[PDB]
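Subsequent text provides structure tokens for two forms of one protein chain, presented individually as structure 1 and structure 2.
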Structure 1
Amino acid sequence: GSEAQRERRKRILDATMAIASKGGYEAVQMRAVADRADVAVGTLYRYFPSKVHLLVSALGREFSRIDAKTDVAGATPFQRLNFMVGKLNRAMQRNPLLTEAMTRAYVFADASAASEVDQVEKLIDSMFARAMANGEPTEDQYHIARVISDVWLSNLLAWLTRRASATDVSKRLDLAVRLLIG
């Protein structure tokens, strides 16, 4: 049934977030996800043809949910963008290893998951973009939002690998947005 099929898609991704929150990218093992979901490994692959597609699908729905709750505080597009980069940078650091697994999956994917990846990318831009205009944004506002998305993925990626501290990431984010709004 399609209702049960949807139910085990949600059970598979919910399992993925549970395991990733506990042990990161190295703990999201396909057999363990298919266990905690009570599905066969063959089923788990039927729903997600790879590990990468799995975790970037879970990132897809995480950012989808966060955008849903996000759809404000700021009289300047500068302070609004700072508010979104602070909201998301703050949240992704709440579950460091869940963030690690999903972000590394998103960043190491190849063309096979391009679609999924692209979707996530778009969403993030939209958020930052909708932060700046407080609505339907400009072309230049989607541009800046795009570059900022890059800078945040780069910095978040550095913090996932102990290459940067929370203070370093905050510095480079505030500085990126400050130079992109001259």
Structure 2
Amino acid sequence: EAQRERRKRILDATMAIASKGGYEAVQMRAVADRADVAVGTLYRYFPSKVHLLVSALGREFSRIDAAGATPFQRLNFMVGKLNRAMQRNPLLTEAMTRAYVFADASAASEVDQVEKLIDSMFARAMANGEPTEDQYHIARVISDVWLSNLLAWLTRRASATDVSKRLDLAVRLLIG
């Protein structure tokens, strides 16, 4: 109940800083200072800003975790919520997307944890009860369309609304 408080303050600081100044504002020194932790402690829990941002994203997803007749409607509702959230936080989205661009093997765990989460959130959105294999697969496809189009967005070759459009199109092609 003490390491939990530390992790809490740390991911809090991470989220606030990323929200206020984007990826470039997320420095280990800055986060450590804002979270009132030893820098070494921060590095001991999160070896980089990628780990920080991805863990933060994960926590936010698990918190979002805690509406429709057909799987199409329920999933479109889920995608709609997350999409609204994305558009409501441009700089945070920049931070997360950049984090996923720079995420390598060293962040594997932290990334996997997010996958399992968001995929589950999609799968369980589609399924009445335990989700099927195909529904998990569909979730992963959704996430991939999301990430690719976010890659276009980050480099200013597409807008957030373009991302939204592509996602809706994908949902419809998959389970429409």
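Every residue number counts along structure 1's sequence, beginning with 1. Superpose the two forms; the largest set of C-alphas matching within 1.5 Å is the rigid core.
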Threshold 2 Å Cα movement between structure 1 and structure 2 at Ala164, rigid core reference
yes
Compare the position of the CA of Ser154 between structure 1 and structure 2 after a rigid core fit and state whether the shift reaches 2 Å.
yes
With both forms put on the same core, how far apart in Å are the CA positions of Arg94 between structure 1 and structure 2?
1.9
Superpose the two forms on the rigid core, then give the C-alpha shift of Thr43 between structure 1 and structure 2 in Å.
2.1
Here the CA of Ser115, compared between structure 1 and structure 2 on the core, is shifted in angstrom by 0.7
